[PDB]
Amino acid sequence: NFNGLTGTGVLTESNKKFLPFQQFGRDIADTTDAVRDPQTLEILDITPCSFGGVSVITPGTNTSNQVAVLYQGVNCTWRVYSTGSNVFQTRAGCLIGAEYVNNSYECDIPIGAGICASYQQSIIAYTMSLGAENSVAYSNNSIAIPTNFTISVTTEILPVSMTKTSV
Amino acid sequence: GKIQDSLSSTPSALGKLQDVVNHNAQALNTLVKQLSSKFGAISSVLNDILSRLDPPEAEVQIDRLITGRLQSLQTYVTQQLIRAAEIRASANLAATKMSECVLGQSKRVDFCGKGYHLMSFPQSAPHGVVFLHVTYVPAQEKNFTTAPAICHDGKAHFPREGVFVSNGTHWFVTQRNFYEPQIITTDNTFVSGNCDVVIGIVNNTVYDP
Amino acid sequence: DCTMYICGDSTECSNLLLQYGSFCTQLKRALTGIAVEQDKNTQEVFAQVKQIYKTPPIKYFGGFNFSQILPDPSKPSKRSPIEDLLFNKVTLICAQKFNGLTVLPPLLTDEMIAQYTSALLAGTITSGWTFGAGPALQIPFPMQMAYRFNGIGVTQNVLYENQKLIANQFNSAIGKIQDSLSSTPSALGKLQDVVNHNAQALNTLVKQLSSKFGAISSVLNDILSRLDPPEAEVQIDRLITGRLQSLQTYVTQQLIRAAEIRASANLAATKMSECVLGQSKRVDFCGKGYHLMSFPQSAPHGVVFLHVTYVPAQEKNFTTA
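Chains as they are written, first to last, in PDB author numbering: chain R, 538 to 614, 629 to 671, 686 to 732; chain F, 928 to 1136; chain E, 733 to 823, 845 to 1074.
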């Protein structure tokens, strides 16, 4: 608290010009992100305490019991206390309970920003794999003609109605 | 022989209707569970309020209870409205698909199936429908050498329905999408222009009876 | 978030919320549903096939300078310079990131989006429509223009006599559309208005955080300080109900725009299926005039379909029998 109004969040040293009798550098969101020290001519950037946002990545109950947990938007570059196996620092946030491999695999369970996880005898994480990559050669005369001609069937599902009701 | 064992394998197929069914179910569960709620009321039962308290200052709880119930049912009916709109749009698309894929052979690629569409068959479902699209897919291929222009007697000729194919052993013309090695005959090619304006020009002979 | 939006660090407000209960959970399931549905639209608007290709190294493509659509190797974000200029024309992150305005990071990067666009462009340019139906079957490029001309009922000899002029006209058209996208900002408007519309939606949201519901202050902690909880709760319930209905209206506006952009994304995916993977005969659906080609280009939350079409220029009337 400083001179009436209060706030909550971490405090850093500001680096911007302030006027005489300038005390609040409030932005278009009207948040006191910058304040003047009431003792010396010292300037403070105010950035609020970081929230979490917690998600759990786990296969089926019949499958296994090993889990992993993501706290999105957490710059571990911490606040984890009881750590698990390994820590990773996705652009989405801070992830524990899994490890990252140097290869890319199928995105069966997406984590985000190209990161996807799965289960090996362990829970693994990786970058998203685009698929099977091949380039067909092109020439001034190169052409391809199919030889065998097979028949496939596709099944699609489309809704029609819901439960009509009155109250 | 696939599709039956394809449909009984996973519940992901009918899940596209199961989610709608259980979502309506849980919506009704939320509406029937919001009767026991606190809209600023001392108790969530109306006649208990009317019994334990005198009328002329009990309505200051009854009115806020009423407003809470009205807000709940208004949110419910608006969510029903938007679901009805999107399911009506999807059902109109389904009716169009039945009008095109089932009643004919549309040229809309990857719309009446996957690949070159041949057949479509509908099957009903509780508040739903499924389509069986019988399509053609090529299996495997082989590479060949291409030359558009065949100049016989100094005269350019282009194959009409298909292209020239160079087996190396022999040289034929086939159809556009598949192979039918066919000899050069006048009905397969049209004749136009000189022989000094084209790329892929080649020299070959032609048949006449 | 339910609580820290509608409350501060005052658990009595959360207690009154638990008296009311479960209304924010409907908003949570709605926002998660529309988010994953937007992700579904994104993954089935671009990832048509999992068989990813790449371009051949040499460009003998009949004098067709495809450098503007080809992914530039100098830029680390190896995309077309068209898309680079589109990103440059497109114009608020960290300040909103720590106020309960929790933006979800996109599960699909722009790098893989550009990779898919490059792969489908390469597949179209080396195989025509053959990869669209089944396996990729490469074809000569003049064969592709010949079959495109036969698609609109035009014989191929005229193509094989003025393909040089066709190439020059196409290169001039590419240069002029490069200038045209840099000419006016009206082409960027259909995405810029959406972006700033979401921005002003969140802006009036954070303004209605500082909205007075008949109390002394918008903040509740000073109200809890100056008055006992026997007194302040008759204001607190009014403020939390107002914030709740404001959230409900905001979520409603979110979902109706989500449905509109869902229909737009369905139409865009349909046009990708039809105009890009083949030659549709639907007039003006694949662009005005007789459609020949169509290439897509990525954009933040969007895609620009460029269409190469036939128009007739010189004509003459004649006696008809």
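Note that beta-carbon positions come from the ideal geometry of N, C-alpha and C, so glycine has one too.
Start and end residues, beta strand (DSSP E) containing residue i
| i | result |
| --- | --- |
| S707 (chain R) | 707–724 |
| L817 (chain E) | No beta strand (DSSP E) holds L817 (chain E); the alpha helix (DSSP H) holding it covers 813–821. |
| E550 (chain R) | 547–550 |
| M693 (chain R) | 688–693 |
| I738 (chain E) | Counting along the chain, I738 (chain E) falls outside any beta strand (DSSP E), though it belongs to the alpha helix (DSSP H) covering 735–738. |
| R563 (chain R) | It is not in any beta strand (DSSP E) - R563 (chain R) carries neither H nor E in the DSSP assignment. |
| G1055 (chain E) | 1055–1063 |
| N602 (chain R) | No beta strand (DSSP E) holds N602 (chain R); DSSP gives it neither H nor E. |
| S655 (chain R) | 650–656 |
| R573 (chain R) | 571–573 |
| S731 (chain R) | Where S731 (chain R) is concerned, there is no enclosing beta strand (DSSP E), given that its DSSP letter is neither H nor E. |
| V593 (chain R) | 591–594 |
Sub-8 Å separation of residue i and residue j beta-carbons
| i | j | result |
| --- | --- | --- |
| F561 (chain R) | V572 (chain R) | yes |
| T1062 (chain E) | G1040 (chain E) | yes |
| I688 (chain R) | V652 (chain R) | no |
| residue 839 (chain E) | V1090 (chain F) | Any question about the placement of residue 839 (chain E) has no answer from these coordinates, since chain E jumps from 823 to 845. |
| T569 (chain R) | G544 (chain R) | yes |
| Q800 (chain E) | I790 (chain E) | no |
| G644 (chain R) | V611 (chain R) | yes |
| residue 881 (chain F) | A1012 (chain E) | Past the boundaries of the shown model lies residue 881 (chain F); chain F is included only from 928 to 1136, so the question cannot be answered. |
| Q1067 (chain F) | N654 (chain R) | no |
| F778 (chain E) | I866 (chain E) | yes |
| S707 (chain R) | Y656 (chain R) | no |
| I1110 (chain F) | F1117 (chain F) | no |
| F851 (chain E) | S592 (chain R) | no |
| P803 (chain E) | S871 (chain E) | yes |
| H1054 (chain F) | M727 (chain R) | yes |
| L912 (chain E) | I919 (chain E) | yes |
| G1095 (chain F) | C1122 (chain F) | no |
| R991 (chain F) | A968 (chain F) | yes |
| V718 (chain R) | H1060 (chain F) | yes |
| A1083 (chain F) | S1119 (chain F) | yes |
| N552 (chain R) | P575 (chain R) | no |
Residue nearest to residue i in terms of C-alpha spacing, selected from the options
| i | options | result |
| --- | --- | --- |
| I666 (chain R) | E:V1064, E:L860, E:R1015, E:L874 | E:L860 |
| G663 (chain R) | E:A767, E:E1027, E:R979 | E:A767 |
| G942 (chain F) | F:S963, F:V1056, F:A1076, F:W1098 | F:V1056 |
| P711 (chain R) | E:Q1007, E:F884, E:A779 | E:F884 |
| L874 (chain E) | E:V959, E:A1012, E:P788, E:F902 | E:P788 |
| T823 (chain E) | E:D771, E:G906, E:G995, E:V947 | E:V947 |
| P661 (chain R) | R:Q671, R:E650, R:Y691, R:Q686 | R:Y691 |
| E1027 (chain E) | E:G1042, E:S1017, E:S1047 | E:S1047 |
| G876 (chain E) | E:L1030, E:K1069, E:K917 | E:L1030 |
| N699 (chain R) | E:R811, E:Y785, E:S880 | E:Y785 |
| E914 (chain E) | F:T1101, F:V1125, F:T1073 | F:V1125 |
| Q783 (chain E) | E:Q931, E:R1035, E:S806, E:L890 | E:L890 |
| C847 (chain E) | R:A566, R:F539, R:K554, R:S731 | R:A566 |
| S939 (chain E) | E:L818, E:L958, E:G765 | E:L818 |
| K1069 (chain F) | F:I1077, F:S1017, F:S1093 | F:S1093 |
| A952 (chain E) | E:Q1007, E:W882, E:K810, E:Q1050 | E:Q1007 |
| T549 (chain R) | R:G541, R:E579, R:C658 | R:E579 |
| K807 (chain E) | E:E864, E:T757, E:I927, E:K821 | E:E864 |
| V1004 (chain E) | E:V907, E:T1072, E:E986, E:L854 | E:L854 |
| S1051 (chain E) | E:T937, E:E984, E:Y869, E:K960 | E:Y869 |
Paired residues, beta bridge with residue i - DSSP
| i | result |
| --- | --- |
| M1025 (chain F) | Note: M1025 (chain F) sits in no beta bridge, so no partner. |
| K1082 (chain F) | F:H1079 |
| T1073 (chain E) | Looking at the DSSP assignment, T1073 (chain E) forms no beta bridge with any residue, so it has no partner. |
| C586 (chain R) | Answer is none; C586 (chain R) lacks a bridge partner. |
| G644 (chain R) | R:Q609 |
| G663 (chain R) | R:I666 |
| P1049 (chain F) | F:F1058 |
| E1068 (chain F) | R:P711 |
| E698 (chain R) | E:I784 |
| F639 (chain R) | R:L646 |
| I790 (chain E) | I790 (chain E) is not bridged to any residue. |
Limits of the unbroken alpha helix (DSSP H) element including residue i
| i | result |
| --- | --- |
| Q868 (chain E) | 863–880 |
| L763 (chain E) | 755–778 |
| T883 (chain E) | 883–886 |
| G904 (chain E) | 894–904 |
| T743 (chain E) | 743–752 |
Test: residue i CB closer than 8 Å to a CB of chain A
| i | result |
| --- | --- |
| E776 (chain E) | Given the protein chain composition of this structure (R, F and E), no chain A is represented. |
Starting from the N-terminal side, write out each stretch of the beta strand (DSSP E) that is 3 residues or longer and does not extend beyond the stretch 1002–1047 of chain F.
none
Mind listing, in chain order, the continuous beta strand (DSSP E) runs of no fewer than 3 residues lying wholly within the stretch 931–1014 of chain E?
none
Beta strand (DSSP E) runs wholly inside the stretch 1097–1121 of chain F, at least 3 long, in chain order
1098–1101, 1116–1118
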